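Before any comments, here is the structure.
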Amino acid sequence: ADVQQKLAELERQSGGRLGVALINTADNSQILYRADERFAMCXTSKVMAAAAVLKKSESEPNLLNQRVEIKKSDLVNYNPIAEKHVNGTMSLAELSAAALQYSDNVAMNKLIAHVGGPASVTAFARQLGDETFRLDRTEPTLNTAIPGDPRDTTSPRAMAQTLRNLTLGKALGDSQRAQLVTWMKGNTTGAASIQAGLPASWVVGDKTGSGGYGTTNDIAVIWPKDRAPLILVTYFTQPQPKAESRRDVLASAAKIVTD
Ligand SMILES: [Cl-]
């Protein structure tokens, strides 16, 4: 009850719409707030795309080493790693790391294209038992985040359950699961989001996202000191098209649900 009141007060102060799902594997419990509503995923969808490539690699051993050409025509609106490789190639492993650890949007588009497009990433989610996730578009348009638009959305409940399967469960083979966890633990974009609301000693693998309407998101697997792991999804979006990012709201939500 107190946790619910605190999340409601945070949402009201923020001026926007907040979605939270925590899974505590110590006791198989959940803390949920707007957890069945849809939110634009933005960059957080890169986890599903990278996982689809990892699954494909289980039956194709040379897959992560496969080379992909990077051209000026591939550049989109945020290309921190790919811009350094124009006119050469990157491997699928390198593209996966760039997408997950730097939010590189060219890298996301190469993962999407490799597996057959947004409908193939969605069909992979369905094969895992996630019947909520939908990836409709490529970068950069998947980030528009218009209120009421179901494109490129999922719910906090669904994304927490799927992230648990991918990182702690058996969706991927042992080598592939370990690779995903290692990539997420090395993320560089998350220190002001969920991590900022947790003790310094806790270990985190996370993926952030941001987009139109001040959309500010983070999804994480968390190893608290001497405790069973947690899965946490914090999604946030605002009423104004040009609203600024609010990573502090995600930090505040993480503190509330883990105190
Ligand atoms: Cl505005």
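Scheme for the structure tokens: letters A, B, ... for chains in order shown; per-chain residue numbers from 1; ligand numbers from 1 in order shown.
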
Check every protein, DNA and RNA residue against ligand 1, keep those with an atom at most 9 Å away (counting only C-alpha atoms and all ligand atoms), and present them as a list in words.
residues 213, 239, 240, 241, 242 and 243 of chain A

Pick out the residues sitting within 8 Å of range 26-32 of chain A, and hand them over as JSON, numbers by chain; count only C-alpha atoms, and ignore anything fewer than 5 positions along from it in its own chain.
{"A": [19, 20, 21, 157, 227, 228, 229, 257]}

Write out, as a Markdown table, each residue of range 140-212 of chain A that has an atom at most 12 Å from range 60-70 of chain A, together with the closest pair of atoms and their distance in Å to one decimal, counting only C-alpha atoms, rows going by chain and rising number.
```
| residue | atom | partner | partner_atom | distance |
| --- | --- | --- | --- | --- |
| A:175 | CA | A:61 | CA | 11.5 |
| A:176 | CA | A:64 | CA | 10.6 |
| A:179 | CA | A:64 | CA | 11.0 |
```

Pick out each residue of range 6-178 of chain A that DSSP on the backbone tags as strand (DSSP E); I need them as an MDAnalysis selection string.
chainID A and resid 17:24 29:33 39:40 67:69 89:91 153:154

Restrict the selected residues to N, CA and C atoms and save them as a PDB file, in the first residue's frame.
```pdb
ATOM      1  N   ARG A  17       3.179  10.130 -17.145  1.00  0.00           N
ATOM      2  CA  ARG A  17       2.572   8.809 -16.989  1.00  0.00           C
ATOM      3  C   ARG A  17       3.699   7.802 -16.780  1.00  0.00           C
ATOM      4  N   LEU A  18       3.649   7.093 -15.649  1.00  0.00           N
ATOM      5  CA  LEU A  18       4.702   6.197 -15.175  1.00  0.00           C
ATOM      6  C   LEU A  18       4.227   4.742 -15.180  1.00  0.00           C
ATOM      7  N   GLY A  19       5.072   3.835 -15.699  1.00  0.00           N
ATOM      8  CA  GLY A  19       4.791   2.400 -15.659  1.00  0.00           C
ATOM      9  C   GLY A  19       5.945   1.635 -15.028  1.00  0.00           C
ATOM     10  N   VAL A  20       5.643   0.773 -14.062  1.00  0.00           N
ATOM     11  CA  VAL A  20       6.663   0.043 -13.319  1.00  0.00           C
ATOM     12  C   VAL A  20       6.273  -1.425 -13.201  1.00  0.00           C
ATOM     13  N   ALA A  21       7.250  -2.315 -13.396  1.00  0.00           N
ATOM     14  CA  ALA A  21       7.106  -3.723 -13.026  1.00  0.00           C
ATOM     15  C   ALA A  21       8.410  -4.218 -12.427  1.00  0.00           C
ATOM     16  N   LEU A  22       8.358  -4.656 -11.164  1.00  0.00           N
ATOM     17  CA  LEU A  22       9.473  -5.306 -10.482  1.00  0.00           C
ATOM     18  C   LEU A  22       9.119  -6.772 -10.262  1.00  0.00           C
ATOM     19  N   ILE A  23      10.015  -7.683 -10.661  1.00  0.00           N
ATOM     20  CA  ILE A  23       9.952  -9.100 -10.287  1.00  0.00           C
ATOM     21  C   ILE A  23      11.064  -9.352  -9.276  1.00  0.00           C
ATOM     22  N   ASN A  24      10.699  -9.862  -8.102  1.00  0.00           N
ATOM     23  CA  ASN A  24      11.663 -10.238  -7.068  1.00  0.00           C
ATOM     24  C   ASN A  24      11.784 -11.761  -7.065  1.00  0.00           C
ATOM     25  N   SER A  29       7.536 -12.659  -6.339  1.00  0.00           N
ATOM     26  CA  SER A  29       6.527 -11.613  -6.230  1.00  0.00           C
ATOM     27  C   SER A  29       6.750 -10.507  -7.263  1.00  0.00           C
ATOM     28  N   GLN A  30       5.713  -9.683  -7.441  1.00  0.00           N
ATOM     29  CA  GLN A  30       5.747  -8.535  -8.345  1.00  0.00           C
ATOM     30  C   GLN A  30       5.245  -7.275  -7.642  1.00  0.00           C
ATOM     31  N   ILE A  31       5.821  -6.130  -8.015  1.00  0.00           N
ATOM     32  CA  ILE A  31       5.266  -4.807  -7.712  1.00  0.00           C
ATOM     33  C   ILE A  31       4.930  -4.163  -9.056  1.00  0.00           C
ATOM     34  N   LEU A  32       3.677  -3.740  -9.222  1.00  0.00           N
ATOM     35  CA  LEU A  32       3.139  -3.326 -10.515  1.00  0.00           C
ATOM     36  C   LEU A  32       2.460  -1.967 -10.405  1.00  0.00           C
ATOM     37  N   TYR A  33       2.721  -1.077 -11.377  1.00  0.00           N
ATOM     38  CA  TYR A  33       2.056   0.226 -11.457  1.00  0.00           C
ATOM     39  C   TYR A  33       1.833   0.537 -12.941  1.00  0.00           C
ATOM     40  N   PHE A  39       3.420   1.471 -23.477  1.00  0.00           N
ATOM     41  CA  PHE A  39       4.373   2.569 -23.536  1.00  0.00           C
ATOM     42  C   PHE A  39       5.296   2.349 -24.741  1.00  0.00           C
ATOM     43  N   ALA A  40       5.682   3.435 -25.416  1.00  0.00           N
ATOM     44  CA  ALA A  40       6.692   3.359 -26.475  1.00  0.00           C
ATOM     45  C   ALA A  40       8.038   2.907 -25.910  1.00  0.00           C
ATOM     46  N   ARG A  67      30.339 -10.370 -41.307  1.00  0.00           N
ATOM     47  CA  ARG A  67      30.637  -8.958 -41.540  1.00  0.00           C
ATOM     48  C   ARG A  67      29.465  -8.246 -42.223  1.00  0.00           C
ATOM     49  N   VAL A  68      29.220  -6.990 -41.817  1.00  0.00           N
ATOM     50  CA  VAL A  68      28.160  -6.138 -42.342  1.00  0.00           C
ATOM     51  C   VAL A  68      28.773  -4.808 -42.793  1.00  0.00           C
ATOM     52  N   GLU A  69      28.532  -4.420 -44.051  1.00  0.00           N
ATOM     53  CA  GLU A  69      29.019  -3.139 -44.548  1.00  0.00           C
ATOM     54  C   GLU A  69      28.288  -1.961 -43.901  1.00  0.00           C
ATOM     55  N   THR A  89      33.491  -2.635 -42.583  1.00  0.00           N
ATOM     56  CA  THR A  89      32.493  -3.546 -42.035  1.00  0.00           C
ATOM     57  C   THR A  89      32.602  -3.628 -40.512  1.00  0.00           C
ATOM     58  N   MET A  90      31.494  -4.043 -39.890  1.00  0.00           N
ATOM     59  CA  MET A  90      31.438  -4.431 -38.485  1.00  0.00           C
ATOM     60  C   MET A  90      30.856  -5.841 -38.416  1.00  0.00           C
ATOM     61  N   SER A  91      31.286  -6.628 -37.428  1.00  0.00           N
ATOM     62  CA  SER A  91      30.675  -7.939 -37.235  1.00  0.00           C
ATOM     63  C   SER A  91      29.317  -7.794 -36.540  1.00  0.00           C
ATOM     64  N   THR A 153       5.377  -0.486 -29.085  1.00  0.00           N
ATOM     65  CA  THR A 153       5.070  -0.463 -27.662  1.00  0.00           C
ATOM     66  C   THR A 153       5.108  -1.863 -27.044  1.00  0.00           C
ATOM     67  N   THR A 154       5.202  -1.882 -25.717  1.00  0.00           N
ATOM     68  CA  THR A 154       4.906  -3.049 -24.902  1.00  0.00           C
ATOM     69  C   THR A 154       4.393  -2.566 -23.546  1.00  0.00           C
TER      70      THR A 154
END
```

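In terms of minimum interatomic distance to residue 93 in chain A, A:53 ranks closest within A:79, A:53, A:125, A:72, counting only C-alpha atoms.
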
Write out as a PyMOL selection string each polymer residue whose atoms come within 8 Å of residue 256 in chain A, counting only C-alpha atoms; drop sequence neighbours fewer than 3 positions from it.
chain A and resi 3+6-7+252-253+259

Residues just named, written with N, CA, C and O atoms as a PDB file, in the first residue's frame:
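Heads up, here's the output in part-v8.pdb:
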```
ATOM      1  N   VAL A   3       4.003   1.502  -0.921  1.00  0.00           N
ATOM      2  CA  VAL A   3       4.736   1.591  -2.186  1.00  0.00           C
ATOM      3  C   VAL A   3       3.841   2.161  -3.278  1.00  0.00           C
ATOM      4  O   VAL A   3       4.270   3.004  -4.077  1.00  0.00           O
ATOM      5  N   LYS A   6       3.395   5.927  -2.791  1.00  0.00           N
ATOM      6  CA  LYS A   6       4.605   6.658  -3.147  1.00  0.00           C
ATOM      7  C   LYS A   6       4.782   6.748  -4.664  1.00  0.00           C
ATOM      8  O   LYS A   6       5.204   7.791  -5.177  1.00  0.00           O
ATOM      9  N   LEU A   7       4.482   5.668  -5.406  1.00  0.00           N
ATOM     10  CA  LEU A   7       4.583   5.738  -6.864  1.00  0.00           C
ATOM     11  C   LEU A   7       3.546   6.703  -7.441  1.00  0.00           C
ATOM     12  O   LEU A   7       3.828   7.439  -8.399  1.00  0.00           O
ATOM     13  N   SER A 252      14.031   7.675  -9.041  1.00  0.00           N
ATOM     14  CA  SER A 252      13.130   7.766  -7.894  1.00  0.00           C
ATOM     15  C   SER A 252      12.230   6.535  -7.795  1.00  0.00           C
ATOM     16  O   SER A 252      11.969   6.032  -6.692  1.00  0.00           O
ATOM     17  N   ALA A 253      11.721   6.051  -8.937  1.00  0.00           N
ATOM     18  CA  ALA A 253      10.873   4.856  -8.929  1.00  0.00           C
ATOM     19  C   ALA A 253      11.649   3.621  -8.472  1.00  0.00           C
ATOM     20  O   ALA A 253      11.134   2.806  -7.691  1.00  0.00           O
ATOM     21  N   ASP A 259      13.372  -0.125  -1.703  1.00  0.00           N
ATOM     22  CA  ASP A 259      13.691   0.252  -0.329  1.00  0.00           C
ATOM     23  C   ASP A 259      13.319  -0.861   0.648  1.00  0.00           C
ATOM     24  O   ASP A 259      12.273  -1.494   0.507  1.00  0.00           O
TER      25      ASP A 259
END
```

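Nearest to residue 11 in chain A of all the residues A:245, A:142, A:177, A:238 is A:238, based on only C-alpha atoms.
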
Neighbours of range 105-112 of chain A within 7 Å (only C-alpha atoms; same-chain residues fewer than 4 positions away dropped), as number ranges by chain?
A: 46, 49-50, 53, 74-76, 78-79, 82, 95-96, 98-99, 116-118, 121, 138-139

Which is closer to residue 124 in chain A than all the others in A:207, A:55, A:247, A:164, using only C-alpha atoms?
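Smallest distance to residue 124 in chain A is found for A:55.
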
Taking only C-alpha atoms into account, name the residue in A:188, A:14, A:120, A:161 that is nearest to residue 52 in chain A.
A:120

Residues at most 7 Å from residue 119 in chain A, counting only C-alpha atoms, excluding those fewer than 4 positions away in the same chain, as a compact mmCIF listing (two decimals) with N, CA and C atoms, in the first residue's frame?
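File written: part36.txt
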```txt
# COMPACT_ATOMS: atom_id res chain seq x y z
N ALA A 123 7.86 -11.69 -34.33
CA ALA A 123 7.59 -13.13 -34.35
C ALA A 123 8.49 -13.90 -33.39
N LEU A 135 7.24 -4.58 -32.36
CA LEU A 135 8.16 -3.70 -33.08
C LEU A 135 7.59 -3.53 -34.48
N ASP A 136 7.21 -2.29 -34.80
CA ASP A 136 6.53 -1.95 -36.04
C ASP A 136 7.46 -1.31 -37.08
```

Pairwise distance for CA of residue 172 in chain A and CA of residue 195 in chain A, rounded to one decimal in Å
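Computing it gives 25.5 Å between the two atoms.
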
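Closest approach to residue 249 in chain A among A:59, A:13, A:127, A:87 is made by A:13 (distances from only C-alpha atoms).
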